[PDB]
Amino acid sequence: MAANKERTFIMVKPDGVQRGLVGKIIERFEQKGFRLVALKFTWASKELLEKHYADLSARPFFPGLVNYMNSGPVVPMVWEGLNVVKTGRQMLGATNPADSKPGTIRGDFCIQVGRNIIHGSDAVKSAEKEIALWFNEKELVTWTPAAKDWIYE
């Protein structure tokens, strides 16, 4: 419940892996002061993707979206810190890269919304759901950064 212990789900999409952006994305979160909680590299099954995108099941683009997200591997992650959900979204930039400003991940590194390299949870509740979908609890690491008292009041 503690503000500083909020968690979000960030995922490098197949285009982000293909284009060599995994390290650069992780570095953005590390240098900011956010704390890694979970990390893996996986080819997501259509089953998992259909759960992740379940709200979109009736949309005409849904099958193509699932097929695309199943067309190469992804890097799911969990990050922890104060307002990491909303601040994470800020760091990512607008969902449509056209509107993402320079300095943001999407603003610096991609062009078109269907190839927008990265996903971040849009709310605390959706983050909790996404974390539970993509990770089991034993994959979530609890640790204490040496720099903690220089990052947080």
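Numbers for residues come from their place in the sequence shown, where the first is 1.
Two stretches are in play, 51-59 and 26-34, and the higher mean C-alpha B-factor belongs to 51-59. The stretch with the higher mean CA B factor, choosing between 93-101 and 37-45, is 93-101. Note on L65, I111, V85, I117: the highest value goes to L65, judged by CA B factor as recorded. Ranked by C-alpha B-factor against the other modelled residues of its chain, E137 falls in the highest third.
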